[PDB]
Amino acid sequence: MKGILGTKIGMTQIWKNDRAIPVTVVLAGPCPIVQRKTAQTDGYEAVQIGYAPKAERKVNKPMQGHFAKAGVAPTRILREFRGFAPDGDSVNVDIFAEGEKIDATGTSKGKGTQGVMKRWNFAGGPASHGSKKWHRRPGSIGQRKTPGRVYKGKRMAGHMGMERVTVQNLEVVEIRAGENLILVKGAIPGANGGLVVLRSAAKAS
Amino acid sequence: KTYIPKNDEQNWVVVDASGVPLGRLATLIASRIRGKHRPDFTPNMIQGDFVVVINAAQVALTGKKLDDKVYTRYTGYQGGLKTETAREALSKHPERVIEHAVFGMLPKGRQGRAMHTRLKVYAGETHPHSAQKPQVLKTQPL
Amino acid sequence: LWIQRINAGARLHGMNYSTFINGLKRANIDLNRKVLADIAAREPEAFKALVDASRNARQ
Amino acid sequence: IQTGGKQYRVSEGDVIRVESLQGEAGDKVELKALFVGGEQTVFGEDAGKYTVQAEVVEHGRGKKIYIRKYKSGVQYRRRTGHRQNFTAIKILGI
Amino acid sequence: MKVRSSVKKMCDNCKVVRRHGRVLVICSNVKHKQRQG
Amino acid sequence: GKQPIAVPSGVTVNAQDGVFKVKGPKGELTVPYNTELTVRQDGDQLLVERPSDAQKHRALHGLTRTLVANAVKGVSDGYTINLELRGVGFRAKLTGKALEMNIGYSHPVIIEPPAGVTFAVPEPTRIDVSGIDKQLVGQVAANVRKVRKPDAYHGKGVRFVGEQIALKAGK
RNA sequence: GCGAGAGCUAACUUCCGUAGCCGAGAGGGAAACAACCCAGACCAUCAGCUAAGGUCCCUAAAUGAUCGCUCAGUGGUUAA
RNA sequence: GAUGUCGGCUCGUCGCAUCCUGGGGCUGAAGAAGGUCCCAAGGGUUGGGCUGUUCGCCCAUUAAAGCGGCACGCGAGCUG
RNA sequence: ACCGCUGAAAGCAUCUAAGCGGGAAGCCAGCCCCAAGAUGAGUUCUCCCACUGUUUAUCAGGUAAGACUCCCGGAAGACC
Ligand SMILES: [Mg+2]
Ligand SMILES: [Mg+2]
Ligand SMILES: [Mg+2]
Ligand SMILES: [Mg+2]
Ligand SMILES: [Mg+2]
């Protein structure tokens, strides 16, 4: 349901009481609302929020049209949120609250093409008792004349990372509104400067 | 020497699946699609009336709509891609119980596939008759 | 191809190849079979004739 | 059909098996089986009444067709020419 | 419960029942509780 | 075969369709049956006559009467079973209507009567499921007689007063 | 297949007797399929009657008629 | 006119006649702990010493340290 | 699997043939991720707009909205 948009910023040490706790400072800048999809307009409920600002000289005509339909001010990023609402815009103020468990979802860093050891763990082989299949290189891929082929999915080398990931249940250590800053314990996905989306715990204990 | 073809036609009949046993209704729908009483009654291409189907949701089975009637569908490389659902379980998508029980009785090659197109099922009643703006000779079962 | 059409007309009245055919048969009189389909495809006026002709030699 | 027509029409030149009576003009008469001389649908026997008169137009040698047979592994390959003769007959009958 | 292939009475009580497709045995005594399936 | 239908006063039947409707002092009831299953009131009392006879038909026969006969004793006098809480610290109390167990579980079992049934408790060791529809009542005290089945060694839990449960006997 | 031995009255097992087909045999049927079943291809034909097998739809033809049987999906993998 | 052979390693995947977890009937089931049969394969099923071993024996643990199938799975993947 | 309520055929008995309820790490939904080449190619919001070319060059040609090319880089990447 509820949720906001933001830029990851870095992690750092912070003591809450006498326990040093690592956190990820996320800037959940205010988020405008640029379109309310209704189960009677677009067939399903949801809100269109926006994020970084974009210079107007860079805005497509078609987009202006959109953004103007709600006198907003071109953002550069728009995203939806099912079953969400209110009036005006969306800022963490009153949205999230210190202590709330949340789910941060960003785009994982990108590892490019990675072998099986690093993409699936595997194990490759030896390093001395004979070879050319030193450490990496997968083993065998199938079996034989039966299923005389390979399974759809057999883990293999392939572009690793650069995916959508969602780390669940994160305590919100501290919220400094009026800076739209927010500290979540643990570690959120992707690179600093990267987009991140925080929300109510999709399904927490 | 034997007769050629037409086109300028496309009878738009409308069956009703209410209470009728899926099979019988099937055969019929299947038949009028491939070529019922048939125009030039010719193979090469289909002249088989387009068929609209209402209700569906209330077709009929006999001793099993729980037992036996298990529609199977085996996904990607069969790494446990064995999916089975109760026909009653087709309270999710009745429109398929028919759809995919009639495509069965239609030819299986190029044209045949071109043939499921004319078949057009709806699990409702009135609301269906909306997705219907041409003729509609409601030629019920028997 | 012939037998297929001959009864998609046969059944167009209330007969069906099986029956229909034995009928014209019941009337040695009738004896086309060859072109019968065509008659049933082009001349409905005619085809009916032969149709009813059989029922009228049937029951 | 199986030799010597029948049915209705309007008199066209059609080809059938050889008719024996060579020459031309050979006024030919075919019984009849069905027809509509005036949309008058007429079935067997009740049609025998009416009849058809057609004249032998010409005699022909069909289009050369090759009869080839074949079985594998056992060698066996057979090539042989062929083409069936006929008779052209201009319809005109009752 | 006893799932034997050759089910049959065991004392003047065993009420050999036939529930859903199965041939069963219900007797006051439980160790008598039989069942082909 | 079965036939004798004691359909006293208060009641009111209505073989209107397959809906063999009913109404009495306890409240108007309803109890479907087959159609081909014949039955209507002939004079004073009642009767469910049957088409064929043997099985398929006679079964449904030995079915309907008893069924209706229940609608009778129902609206007429209403049902109400009585349960027994038994064994140390076993006990029922109550919340509005909701029966409340307390039979040795780390926490307490809270029961709730279905729309048209009521619980009752005399001594917090004796239970009472009173109702209309013979079934439900049975079909609910059942759920009580499950929160705790009697043990084969001290027959604790719930039971049917003159409940016959012998002890296997241990050490 | 039928009659025997050999073999665990096992084997698309082995060895003989005897009939048929494949081998040197196309065609229809038995989903597919040497030998099973119906049948032995001189060539042509948008002609006709049948065999075995079949006549809900995928393919040709009665979702035929009458009196029954089983509710098992038996039908559409065996026994004490 | 070549279908590479034992074991290991790597990679798996499937059956169930279930090793462990889950649900049950009976027990000669007091409770705790078991036995046994029924249902159930989701996931899991350790590390070493000896031997090429597969197996098995043993150490030390474990909820458990299942049994089989896939050309006794996998050498155009390695070992040898 | 197993346990039950109402209950005949067997005026009793019966988890059953009418009917109804509970009930597993399993099935379906749920969680995270992909997803209309879901060729049955879906929905929504916004932008550009109705040009030119004589039966001799029958259609492409100026263009809008928009984008690509190219340059400089990147927490994106084998190349794209
Ligand atoms: Mg390594
Ligand atoms: Mg035997
Ligand atoms: Mg257990
Ligand atoms: Mg290999
Ligand atoms: Mg580059």
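**Student:** Please clarify how the UniProt feature "binding site: Zn(2+)" in chain E should be interpreted in this entry.
**Tutor:** All names here are of chain E. The UniProt record annotates "binding site: Zn(2+)" at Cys 11, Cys 14, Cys 27 and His 32. With the annotated positions falling across 22 residues, the maximum pairwise C-alpha distance of 8.4 Å places them together in a single cluster. One can find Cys 11 in the loop between β1 (2-3) and β2 (17-18). According to the relative accessible area criterion, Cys 11 is partly exposed, its value standing at 26%. Of note, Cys 14 is situated in the loop between β1 and β2. For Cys 14, the residues in contact, after removing those within four places along its chain, are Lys 9, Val 25, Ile 26, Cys 27 and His 32.

**Student:** So what exactly am I meant to see when it comes to the pattern of salt bridges here?
**Tutor:** Per the stated rule, a full pass over the model turns up 15 salt bridges over all chains. One salt bridge in this structure joins F:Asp42 and F:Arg40, with 2.8 Å as the shortest N-O distance. With a shortest N-O distance of 3.5 Å, F:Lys93 and F:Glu100 are connected by a salt bridge. With a relative accessible area of 34%, F:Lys93 lands in the partly exposed category. Where salt bridges share partners, they join A:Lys16, A:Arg19 and A:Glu171 into one cluster.

**Student:** Please explain the nonpolar core as it appears in this structure.
**Tutor:** Counting 26 residues, the largest nonpolar core has A:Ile4, A:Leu5, A:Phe96, A:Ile102, A:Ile182, A:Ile188 and A:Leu198 as the members making the most contacts within it. Counting only elements with at least two residues in this core, the list comes to β1 (3-16), β3 (31-37), β4 (46-50), β7 (101-107), β10 (164-176), β11 (181-185) and β12 (195-200) of chain A. Once you skip the residues sitting within four places of it in the chain, A:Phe96 turns out to touch A:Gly3, A:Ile4, A:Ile102, A:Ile175, A:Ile182, A:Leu198, A:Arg199 and A:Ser200. Formed by 23 residues, the second largest nonpolar core is a distinct cluster that contains B:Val15, B:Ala17, B:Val51 and B:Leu119.

**Student:** Mind showing me how you'd approach the protein's contact with RNA strand I here?
**Tutor:** Taken together, the neighbourhood of RNA strand I is formed by 56 residues, with A:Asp42, A:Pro62, A:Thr113, B:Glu99 and F:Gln139 sitting nearest. For RNA strand I, the fraction of protein-proximal atoms (within 4 Å) that sit in sugar or phosphate groups is 81%. The contact in question runs from a base oxygen of RNA strand I to an N or O atom on the side chain of B:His100, over 3.5 Å. Between a sugar or linking oxygen of RNA strand I and a main-chain N or O atom of F:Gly62, the distance comes to 2.6 Å.

**Student:** Explain the protein's contact with RNA strand H to me, please; I cannot follow it from the model alone.
**Tutor:** Neighbouring residues of RNA strand H: 29 residues in total, closest A:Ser140, A:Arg144, A:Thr146, E:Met1 and F:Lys168. Counting only atoms of RNA strand H within 4 Å of the protein, the sugar-phosphate share comes to 64%. Contact between RNA strand H and A:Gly139: a base nitrogen at 2.9 Å from a main-chain N or O atom of the residue. The side chain of F:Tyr153 places a nitrogen or oxygen atom 3.0 Å from a base nitrogen of RNA strand H. Among the residues making up the surface near RNA strand H, the classes are represented as nine nonpolar, eleven polar and nine charged.

**Student:** Just to check I follow, could you spell out unusual backbone geometry for this structure?
**Tutor:** Trans is the common state for peptide bonds, and a negative phi is the common state for residues other than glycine. One non-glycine residue, A:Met162, adopts positive backbone phi at about 70 degrees. In this structure, A:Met162 sits in the loop between β9 (158-161) and β10. Owing to a relative accessible area of 43%, A:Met162 belongs among the partly exposed residues under this scheme. Within the chain, B:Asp68 stands out as a residue other than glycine whose phi angle is a positive 20 degrees. On the accessibility criterion, B:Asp68 (54% relative accessible area) is exposed.

Analysis parameters
- Residues numbered from 1 in each chain as written, not as in the entry; some residues may be left out.
- Chains lettered and ligands numbered in written order.
- Part of a larger assembly, values for the part shown.
- Heavy atoms only, no water.
- UniProt positions renumbered as here; feature names shortened; annotations may be inferred.
- Helix = DSSP H or I, 4+ residues; strand = E, 2+ residues; numbered from the N terminus.
- Buried < 20%, exposed > 50% of the residue type's maximum accessible area, 1.4 Å probe, protein only.
- Contact = heavy atoms within 4.5 Å.
- Salt bridge = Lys/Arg side-chain N within 4 Å of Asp/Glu carboxyl O.
- Core = buried A, V, L, I, M, F, W, Y, C linked by side-chain atoms within 4.5 Å.
- Near = heavy atom within 4 Å.
- Polar contact = N/O pair within 3.5 Å; in protein donor to acceptor, adjacent residues only side chain to side chain.
- Nonpolar A, V, L, I, M, F, W, Y, C, P; charged D, E, K, R; others polar.

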